[PDB]
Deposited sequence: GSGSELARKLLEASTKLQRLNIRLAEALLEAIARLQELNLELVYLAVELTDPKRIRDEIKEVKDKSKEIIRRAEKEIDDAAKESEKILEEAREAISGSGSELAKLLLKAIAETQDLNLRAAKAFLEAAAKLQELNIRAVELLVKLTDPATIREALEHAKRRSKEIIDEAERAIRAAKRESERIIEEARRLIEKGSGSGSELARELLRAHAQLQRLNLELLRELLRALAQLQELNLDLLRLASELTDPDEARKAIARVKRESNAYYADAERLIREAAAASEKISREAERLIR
(Lines of atoms letter the chains of each structure in order from A and count residues from 1; the text may use other names and numbers.)
(Lines give C-alpha, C1' and ligand atoms only; values in the text may rest on other atoms or scores of the structure.)
Protein backbone atom coordinates (compact mmCIF):
# COMPACT_ATOMS: atom_id res chain seq x y z
CA UNK A 1 0.00 0.00 0.00
CA UNK A 2 2.36 2.69 -1.26
CA UNK A 3 -0.19 5.08 -2.75
CA UNK A 4 -1.53 6.12 0.66
CA UNK A 5 2.03 6.79 1.82
CA UNK A 6 2.75 8.46 -1.52
CA UNK A 7 -0.20 10.79 -0.94
CA UNK A 8 0.93 11.88 2.54
CA UNK A 9 4.26 12.83 0.95
CA UNK A 10 2.70 14.70 -1.97
CA UNK A 11 0.49 16.30 0.67
CA UNK A 12 3.67 17.41 2.45
CA UNK A 13 5.24 18.71 -0.77
CA UNK A 14 2.12 20.66 -1.71
CA UNK A 15 1.86 22.30 1.72
CA UNK A 16 5.56 23.20 1.60
CA UNK A 17 5.59 24.90 -1.81
CA UNK A 18 2.54 26.96 -0.86
CA UNK A 19 4.39 27.82 2.36
CA UNK A 20 7.47 28.93 0.44
CA UNK A 21 5.41 31.07 -1.96
CA UNK A 22 3.93 32.86 1.05
CA UNK A 23 7.44 33.30 2.44
CA UNK A 24 8.46 34.81 -0.91
CA UNK A 25 5.52 37.21 -0.68
CA UNK A 26 6.49 38.29 2.83
CA UNK A 27 10.13 38.87 1.91
CA UNK A 28 9.25 40.92 -1.18
CA UNK A 29 6.97 43.21 0.81
CA UNK A 30 9.75 43.53 3.39
CA UNK A 31 12.00 44.68 0.54
CA UNK A 32 9.21 47.07 -0.42
CA UNK A 33 9.13 48.57 3.09
CA UNK A 34 12.90 49.09 3.13
CA UNK A 35 12.92 50.80 -0.28
CA UNK A 36 10.19 53.16 0.95
CA UNK A 37 12.55 54.11 3.78
CA UNK A 38 15.42 54.55 1.31
CA UNK A 39 13.40 57.04 -0.75
CA UNK A 40 12.34 58.94 2.38
CA UNK A 41 16.03 59.10 3.30
CA UNK A 42 16.81 61.08 0.14
CA UNK A 43 13.68 63.20 0.57
CA UNK A 44 14.77 64.32 4.05
CA UNK A 45 18.33 64.85 2.76
CA UNK A 46 17.24 67.13 -0.08
CA UNK A 47 14.54 68.83 2.02
CA UNK A 48 15.93 69.42 5.52
CA UNK A 49 19.08 71.50 6.01
CA UNK A 50 18.95 71.72 9.82
CA UNK A 51 21.51 69.19 11.15
CA UNK A 52 19.72 68.61 14.47
CA UNK A 53 16.33 67.78 12.93
CA UNK A 54 17.81 65.67 10.13
CA UNK A 55 19.73 63.78 12.82
CA UNK A 56 16.42 62.99 14.51
CA UNK A 57 14.83 62.05 11.19
CA UNK A 58 17.70 59.69 10.33
CA UNK A 59 17.35 57.82 13.63
CA UNK A 60 13.62 57.32 13.01
CA UNK A 61 14.47 55.69 9.66
CA UNK A 62 17.08 53.53 11.39
CA UNK A 63 14.61 52.53 14.10
CA UNK A 64 11.79 51.74 11.67
CA UNK A 65 14.35 49.88 9.55
CA UNK A 66 15.21 47.55 12.43
CA UNK A 67 11.56 46.75 13.17
CA UNK A 68 10.92 45.88 9.51
CA UNK A 69 13.92 43.56 9.29
CA UNK A 70 12.93 41.98 12.61
CA UNK A 71 9.42 41.23 11.36
CA UNK A 72 10.82 39.58 8.23
CA UNK A 73 13.26 37.44 10.23
CA UNK A 74 10.30 36.40 12.40
CA UNK A 75 8.36 35.56 9.23
CA UNK A 76 11.26 33.35 8.14
CA UNK A 77 11.46 31.69 11.55
CA UNK A 78 7.69 31.11 11.59
CA UNK A 79 8.01 29.46 8.18
CA UNK A 80 10.77 27.28 9.65
CA UNK A 81 8.40 26.09 12.38
CA UNK A 82 5.50 25.61 9.96
CA UNK A 83 7.84 23.47 7.86
CA UNK A 84 8.63 21.50 11.02
CA UNK A 85 4.97 20.74 11.72
CA UNK A 86 4.18 19.82 8.10
CA UNK A 87 7.07 17.35 8.04
CA UNK A 88 6.24 15.92 11.46
CA UNK A 89 2.78 15.20 10.02
CA UNK A 90 4.57 13.33 7.21
CA UNK A 91 6.84 11.32 9.53
CA UNK A 92 4.06 10.26 11.91
CA UNK A 93 1.75 9.04 9.14
CA UNK A 94 4.77 7.22 7.69
CA UNK A 95 6.36 5.89 10.90
CA UNK A 96 3.89 3.00 11.14
CA UNK A 97 4.65 1.70 7.65
CA UNK A 98 7.81 -0.18 6.79
CA UNK A 99 9.24 1.44 3.66
CA UNK A 100 12.68 2.94 4.07
CA UNK A 101 11.79 4.19 0.57
CA UNK A 102 8.95 6.39 1.83
CA UNK A 103 11.43 7.58 4.46
CA UNK A 104 14.07 8.20 1.77
CA UNK A 105 11.64 10.49 -0.07
CA UNK A 106 10.72 12.36 3.11
CA UNK A 107 14.40 12.85 3.94
CA UNK A 108 14.91 14.57 0.57
CA UNK A 109 11.91 16.88 1.01
CA UNK A 110 13.05 17.71 4.55
CA UNK A 111 16.61 18.42 3.43
CA UNK A 112 15.48 20.57 0.48
CA UNK A 113 13.14 22.61 2.70
CA UNK A 114 16.17 23.54 4.82
CA UNK A 115 17.90 24.95 1.73
CA UNK A 116 14.82 26.98 0.82
CA UNK A 117 14.94 28.53 4.30
CA UNK A 118 18.68 29.26 4.18
CA UNK A 119 18.26 30.69 0.68
CA UNK A 120 15.43 32.87 2.00
CA UNK A 121 17.64 33.96 4.90
CA UNK A 122 20.36 35.03 2.47
CA UNK A 123 17.87 37.06 0.42
CA UNK A 124 16.72 39.00 3.48
CA UNK A 125 20.35 39.37 4.56
CA UNK A 126 21.34 41.20 1.38
CA UNK A 127 18.31 43.48 1.73
CA UNK A 128 19.06 44.36 5.36
CA UNK A 129 22.75 45.06 4.71
CA UNK A 130 22.03 47.26 1.68
CA UNK A 131 19.51 49.17 3.81
CA UNK A 132 22.11 49.73 6.53
CA UNK A 133 24.66 50.75 3.88
CA UNK A 134 22.32 53.30 2.31
CA UNK A 135 21.48 54.67 5.78
CA UNK A 136 25.13 55.41 6.50
CA UNK A 137 25.83 56.84 3.04
CA UNK A 138 23.03 59.39 3.47
CA UNK A 139 24.17 59.97 7.06
CA UNK A 140 27.57 60.80 5.57
CA UNK A 141 26.29 62.67 2.50
CA UNK A 142 24.18 65.16 4.46
CA UNK A 143 27.33 66.15 6.36
CA UNK A 144 30.03 65.90 3.68
CA UNK A 145 30.08 68.94 1.40
CA UNK A 146 33.49 68.90 -0.30
CA UNK A 147 33.29 66.72 -3.44
CA UNK A 148 36.32 64.43 -2.97
CA UNK A 149 34.90 63.09 0.29
CA UNK A 150 31.44 62.75 -1.30
CA UNK A 151 32.80 60.85 -4.30
CA UNK A 152 34.56 58.35 -2.04
CA UNK A 153 31.38 57.93 0.01
CA UNK A 154 29.42 57.10 -3.14
CA UNK A 155 32.18 54.85 -4.48
CA UNK A 156 32.36 52.92 -1.21
CA UNK A 157 28.58 52.46 -1.34
CA UNK A 158 28.86 51.15 -4.90
CA UNK A 159 31.62 48.67 -4.02
CA UNK A 160 29.87 47.44 -0.88
CA UNK A 161 26.50 47.01 -2.62
CA UNK A 162 28.10 44.71 -5.20
CA UNK A 163 29.86 42.70 -2.50
CA UNK A 164 26.56 42.23 -0.65
CA UNK A 165 24.72 41.23 -3.84
CA UNK A 166 27.59 38.90 -4.75
CA UNK A 167 27.38 37.22 -1.34
CA UNK A 168 23.63 36.75 -1.82
CA UNK A 169 24.00 35.49 -5.40
CA UNK A 170 26.69 33.00 -4.37
CA UNK A 171 24.49 31.92 -1.46
CA UNK A 172 21.61 31.27 -3.86
CA UNK A 173 23.81 29.36 -6.31
CA UNK A 174 25.10 26.99 -3.63
CA UNK A 175 21.48 26.52 -2.56
CA UNK A 176 20.64 25.35 -6.08
CA UNK A 177 23.69 23.09 -6.38
CA UNK A 178 22.91 21.39 -3.07
CA UNK A 179 19.21 21.10 -3.90
CA UNK A 180 19.93 19.32 -7.20
CA UNK A 181 22.18 16.86 -5.35
CA UNK A 182 19.52 15.90 -2.80
CA UNK A 183 17.15 15.39 -5.69
CA UNK A 184 19.54 13.42 -7.96
CA UNK A 185 20.64 11.19 -5.07
CA UNK A 186 17.00 10.54 -4.16
CA UNK A 187 16.32 9.53 -7.77
CA UNK A 188 19.30 7.17 -7.86
CA UNK A 189 17.79 5.63 -4.72
CA UNK A 190 14.41 5.06 -6.40
CA UNK A 191 16.09 3.06 -9.18
CA UNK A 192 18.04 0.96 -6.63
CA UNK A 193 12.00 2.05 -9.07
CA UNK A 194 8.36 2.50 -8.11
CA UNK A 195 6.70 4.78 -10.65
CA UNK A 196 4.85 6.56 -7.84
CA UNK A 197 8.22 7.44 -6.31
CA UNK A 198 9.46 8.58 -9.73
CA UNK A 199 6.55 10.94 -10.38
CA UNK A 200 6.38 12.38 -6.87
CA UNK A 201 10.14 12.97 -6.91
CA UNK A 202 9.79 14.58 -10.34
CA UNK A 203 7.05 16.92 -9.12
CA UNK A 204 9.01 17.92 -6.02
CA UNK A 205 12.08 18.70 -8.14
CA UNK A 206 10.02 20.97 -10.39
CA UNK A 207 8.61 22.68 -7.29
CA UNK A 208 12.07 23.35 -5.84
CA UNK A 209 13.37 24.61 -9.19
CA UNK A 210 10.48 27.08 -9.34
CA UNK A 211 11.06 28.35 -5.80
CA UNK A 212 14.83 28.80 -6.13
CA UNK A 213 14.45 30.49 -9.53
CA UNK A 214 11.95 32.89 -7.94
CA UNK A 215 14.37 33.82 -5.15
CA UNK A 216 17.00 34.41 -7.83
CA UNK A 217 14.63 36.70 -9.74
CA UNK A 218 13.73 38.57 -6.56
CA UNK A 219 17.42 39.11 -5.80
CA UNK A 220 17.79 40.49 -9.33
CA UNK A 221 14.95 42.93 -8.65
CA UNK A 222 16.63 44.02 -5.41
CA UNK A 223 19.93 44.58 -7.24
CA UNK A 224 18.17 46.91 -9.70
CA UNK A 225 16.37 48.78 -6.91
CA UNK A 226 19.76 49.29 -5.26
CA UNK A 227 21.11 50.48 -8.62
CA UNK A 228 18.47 53.22 -8.59
CA UNK A 229 19.42 54.09 -5.01
CA UNK A 230 23.06 54.71 -5.93
CA UNK A 231 21.91 57.03 -8.72
CA UNK A 232 19.70 58.90 -6.26
CA UNK A 233 22.54 59.29 -3.75
CA UNK A 234 24.54 60.93 -6.54
CA UNK A 235 21.98 63.48 -7.74
CA UNK A 236 20.98 64.32 -4.16
CA UNK A 237 24.54 65.15 -3.11
CA UNK A 238 25.19 67.13 -6.29
CA UNK A 239 21.88 68.85 -7.10
CA UNK A 240 21.63 72.27 -5.44
CA UNK A 241 18.05 72.83 -6.67
CA UNK A 242 15.56 71.17 -4.26
CA UNK A 243 12.46 71.31 -6.47
CA UNK A 244 14.49 69.77 -9.30
CA UNK A 245 15.98 67.15 -6.98
CA UNK A 246 12.48 66.28 -5.78
CA UNK A 247 11.55 65.43 -9.38
CA UNK A 248 14.49 63.02 -9.71
CA UNK A 249 13.28 61.17 -6.61
CA UNK A 250 9.80 60.84 -8.10
CA UNK A 251 11.24 59.18 -11.21
CA UNK A 252 13.06 56.55 -9.14
CA UNK A 253 9.87 56.14 -7.12
CA UNK A 254 8.19 55.59 -10.49
CA UNK A 255 10.66 52.89 -11.52
CA UNK A 256 10.76 51.25 -8.08
CA UNK A 257 7.01 50.62 -8.05
CA UNK A 258 7.32 49.15 -11.55
CA UNK A 259 10.03 46.82 -10.23
CA UNK A 260 7.80 45.68 -7.36
CA UNK A 261 5.04 44.85 -9.83
CA UNK A 262 7.32 42.80 -12.07
CA UNK A 263 8.62 41.06 -8.94
CA UNK A 264 5.15 40.54 -7.47
CA UNK A 265 4.10 39.23 -10.89
CA UNK A 266 6.76 36.50 -10.89
CA UNK A 267 5.41 35.40 -7.50
CA UNK A 268 1.92 34.85 -8.91
CA UNK A 269 3.33 32.89 -11.85
CA UNK A 270 5.21 30.73 -9.33
CA UNK A 271 2.05 30.16 -7.30
CA UNK A 272 0.12 29.25 -10.45
CA UNK A 273 2.89 27.06 -11.87
CA UNK A 274 3.27 25.37 -8.48
CA UNK A 275 -0.42 24.53 -8.14
CA UNK A 276 -0.23 23.10 -11.67
CA UNK A 277 2.42 20.57 -10.63
CA UNK A 278 0.69 19.59 -7.39
CA UNK A 279 -2.54 18.77 -9.25
CA UNK A 280 -0.85 16.77 -12.02
CA UNK A 281 1.00 14.86 -9.30
CA UNK A 282 -2.30 14.35 -7.47
CA UNK A 283 -3.78 12.84 -10.63
CA UNK A 284 -1.45 9.81 -10.48
CA UNK A 285 -2.96 8.68 -7.16
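- [ ] Quickly check which stretches of the deposited sequence aren't in the model, judged by C-alpha, and list them in order.
- [x] Missing CA coords at 1, 194 to 197, 291.
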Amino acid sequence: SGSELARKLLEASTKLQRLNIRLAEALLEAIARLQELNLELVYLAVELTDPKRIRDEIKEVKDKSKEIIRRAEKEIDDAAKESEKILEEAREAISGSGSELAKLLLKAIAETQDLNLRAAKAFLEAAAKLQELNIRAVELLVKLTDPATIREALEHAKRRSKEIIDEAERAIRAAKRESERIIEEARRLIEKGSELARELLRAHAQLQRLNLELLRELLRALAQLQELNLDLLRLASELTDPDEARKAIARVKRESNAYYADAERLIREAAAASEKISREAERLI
From here on, numbers count along this sequence of modelled residues.
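TODO: Would you mind comparing 128 to 136 and 102 to 110 for me and telling me which has the higher average C-alpha temperature factor in the entry?
DONE: Mean C-alpha B-factor is greater for 102 to 110.
TODO: On mean C-alpha B-factor from the PDB entry, just flag whether 170 to 178 or 148 to 156 is the higher one.
DONE: It is 148 to 156.
TODO: Name the one of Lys64, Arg246, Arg70, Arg220 with the greatest CA B-factor according to the PDB entry.
DONE: Highest C-alpha B-factor among the listed residues goes to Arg246.
Task: Among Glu29, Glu36, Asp50, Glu227 - the residue whose C-alpha B-factor is largest in the record - done: Of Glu29, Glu36, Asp50, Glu227, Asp50 has the highest C-alpha B-factor.
Task: Position of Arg18 among the chain's modelled residues by C-alpha B-factor, lowest, middle or highest third - done: As the PDB entry reports it, the C-alpha B-factor of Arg18 lands in the middle third of its chain.
Task: Position of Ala24 among the chain's modelled residues by C-alpha B-factor, lowest, middle or highest third - done: Its C-alpha B-factor, which the entry lists for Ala24, ranks in the lowest third among residues of this chain.
Task: For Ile76, the third of its chain into which the C-alpha B factor falls - done: Tercile = lowest for this residue's CA B-factor.
Task: Entry-reported Cα temperature factor of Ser95, expressed as the chain third it lands in - done: It belongs to the highest third of the chain when residues are ordered by C-alpha B-factor.
Task: Chain third (lowest, middle, highest) by recorded CA B-factor, residue given as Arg198 - done: Middle third - that is where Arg198 ends up once the chain's C-alpha B-factors are sorted.
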